Amino acid sequence: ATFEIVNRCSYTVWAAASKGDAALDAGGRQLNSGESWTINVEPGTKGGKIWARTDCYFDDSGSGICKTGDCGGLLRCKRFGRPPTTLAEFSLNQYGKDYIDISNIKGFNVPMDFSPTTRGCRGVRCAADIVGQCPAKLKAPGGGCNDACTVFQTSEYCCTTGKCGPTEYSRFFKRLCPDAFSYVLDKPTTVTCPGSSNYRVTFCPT
Ligand SMILES: NC[C@H]1O[C@H](O[C@H]2[C@H](O)[C@@H](O)[C@H](N)C[C@@H]2N)[C@H](N)[C@@H](O)[C@@H]1O
């Protein structure tokens, strides 16, 4: 499957793509304002994620640091990134279907639209100003708005026992972006697309 990743933000981001134990395609790249990066993701990829990173510094060996979304100091991510990170999530070719969603379960750093470029399903978007409105206890100094699990590390916020409800903090994310997961047991906002669809991820879509 093809994913086109487009940075429409006025600032540079460093895109990342990983299925947790491995890079997807090159795994990461700098995207200046307006740049597009096209990657190929193997059919059958389960649990893939794409996100943006802000305020990164890398040396010539592709090693360094980012203020949001850092994946152990690497330009090319092999693993998932440190919150806060707005997440485009996907599982491809699962019994003939693709499943896509956007999630704020790991917080929010950059607004995002996640849309199919082929026929047969709709896209999802979280483009509200979550950072500007972020509750004070969730504000990350580096930028972005952390989820409550990352900040407080309780069973209720992390949904550790498999049982948990919504919270004042989850409802904040849900109010600004109803189409994104706001906590682990949120009512699914997953979208079902035809198997082997293609997609575009746009940072700062509006
Ligand atoms: N709070 C301190 C610890 O956890 C943080 O966040 C984790 C974060 O909890 C994971 O969900 C993420 N995938 C990686 C990230 N390292 C920090 N990134 C690390 O400093 C440390 O692992």
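Computed from heavy atoms alone, side chains included, the values below leave out hydrogens, waters and symmetry copies. Along the sequence shown, residues carry numbers from 1. Whatever order the structure lists them in is the order used to number ligands and atoms, beginning at 1.
- To the nearest 0.5 Å, atom SG of residue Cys71 and atom CH2 of residue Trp14 are 13.0 Å apart.
- In terms of protein heavy-atom proximity, atom 14 (C) of ligand 1 is nearest to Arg79 NH1, 3.8 Å.
- Judged purely by distance below 3.5 Å, without hydrogens or angles, the side chains of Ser196 and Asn93 pair a donor atom with an acceptor atom.
- Remark: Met112 CE to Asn104 CG distance equals 9.5 Å, nearest 0.5 Å.
- No side-chain donor-acceptor contact under 3.5 Å links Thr161 and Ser155.
- Using cut-offs of 30° and 60° on the angle between ring planes, the pair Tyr169 and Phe152 is parallel.
- Atom 8 (C) of ligand 1 lies below 4.0 Å from at least one non-hydrogen atom of the protein.
- For atom 21 (C) of ligand 1, no protein heavy-atom neighbour is found at a distance under 4.0 Å.
- The presence of a protein heavy atom under 4.0 Å from atom 1 (N) of ligand 1 is ruled out.
- The single protein non-hydrogen atom nearest to atom 19 (C) of ligand 1 is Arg82 NH1, 4.3 Å, given as residue, atom name and distance.
- Annotation: the span from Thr192 atom OG1 to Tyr99 atom OH amounts to 4.5 Å, rounded to 0.5 Å.
- Atom 17 (C) of ligand 1 lies below 4.0 Å from at least one non-hydrogen atom of the protein.
- Applying the 4.0 Å criterion to heavy atoms of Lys106 picks out, from ligand 1, the atoms 11 (O).
- Counting protein heavy atoms only, atom 10 (C) of ligand 1 is closest to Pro83 CD, 4.1 Å.
- Near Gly81, the atoms of ligand 1 lying under 4.0 angstrom from a non-hydrogen atom of the residue are 12 (C), 13 (N).
- You'll find the ring centres of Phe90 and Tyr199 outside the 6.0 Å limit.
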